[PDB]
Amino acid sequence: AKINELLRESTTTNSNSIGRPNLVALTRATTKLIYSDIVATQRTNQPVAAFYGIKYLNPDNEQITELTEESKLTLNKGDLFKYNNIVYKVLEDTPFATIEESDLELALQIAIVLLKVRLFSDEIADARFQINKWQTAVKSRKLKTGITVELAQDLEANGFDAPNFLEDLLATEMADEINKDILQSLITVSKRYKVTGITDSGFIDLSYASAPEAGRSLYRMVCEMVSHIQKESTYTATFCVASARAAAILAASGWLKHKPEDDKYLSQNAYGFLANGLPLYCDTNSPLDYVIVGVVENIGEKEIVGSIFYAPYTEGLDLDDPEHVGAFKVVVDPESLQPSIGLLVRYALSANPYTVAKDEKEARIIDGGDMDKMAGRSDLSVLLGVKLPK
């Protein structure tokens, strides 16, 4: 029976000796429901997972002149200067003169067009990035289903109307647990928004002073966060996460559309595609009414750019059927007069230690899964708190 083959396949370690169809199937069932996309996944086959992530920061502090409002007035022909990490060269004496624009950046942008200044890259270069490698213990979550094997057995027989419901039920329970761990870690790890007084005297309120509109105010907020992202790290947000209220209807008024076009590329795990384009995942179960904007990017086949790293455990490719089986397993619950069902769920789930640990020697004192320490600084994700009506 399904339940049985699942127990006996789950008992064997190293999934390369014998094929395990029920488990592969159940793994495929589970992985379809996990919000992988919003985390930097790195499979692991060790009791301790090895993570790798890249990140940078504005250094330097010829001493290239940083551009300021009163700095631009002294620049002469041949002077070097930099703005937003990019260094320019002056082609004419005292530029920005004929430029009436009062906004610094804007002025500099039309300064580029008028050939007044020019970008500069004219011989060894510093590190523009920094690969970090750390380790966290892969956790072993044990979930009591309450389902006796007895039921799970007659459930097959008494289930002509819903063939592999057992599979769906389980896949659903493991996925939910991990999706919970993820959403939870992102809310705890992600940074806040710093717009004039911690988002103008408390993290933006859009209720009392707001009509039941199409929720434009919210969407605008999201765009600014996407900019603020590449503005502090050139990578380009890839995802969004919101509340069930803040998204299921609020932004769902012209700015969120459940699937733009028939299979136009979007995981059915994503609530809807945003007017902006980046996919949005609905939290539904978190008591916040908040929105988070992050990026999960990769170099090659490895996803090294993320707020949260996910390392499901693996016992190796089924080798009978190409599939990493190990992260999910079914066991028996020994705490019951009637044998129940237990789901073994193994995976690491860390943050980048180096989001706080300055030196490499400090990294072996603080842990990435130390959700207490990582709380606050991530940069690759930003959370916005929201207050809505009823």
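Heads up: residue numbers just count along the shown sequence, starting at 1.
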Unmodelled deposited residues between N61 and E62, binned:
10 or more
From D122 to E123, how many deposited residues does the entry skip: none, 1 to 3, 4 to 9, or 10 or more?
10 or more
Mean temperature factor over C-alpha atoms, higher-scoring stretch between 20-28 and 374-382:
374-382
Which of the two stretches, 309-317 or 190-198, shows the higher mean Cα temperature factor in the record?
190-198
Based on the PDB record, which member of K139, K180, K231, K142 exhibits the highest Cα temperature factor?
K231
Between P279, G294, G146, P212, which carries the biggest CA temperature factor in the record?
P212
CA B-factor placement of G78, once the chain's modelled residues are sorted into thirds:
middle
Considering only modelled residues of the same chain, in which third does the CA B-factor of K116 rank: lowest, middle or highest?
middle
Which third of the chain holds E156 when residues are ordered by C-alpha B factor: lowest, middle or highest?
middle
Divide the modelled residues of the chain into thirds by Cα B-factor and specify which third, lowest, middle or highest, holds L337.
highest
Sorting the chain's modelled residues by C-alpha B-factor and splitting them into thirds places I38 in the lowest
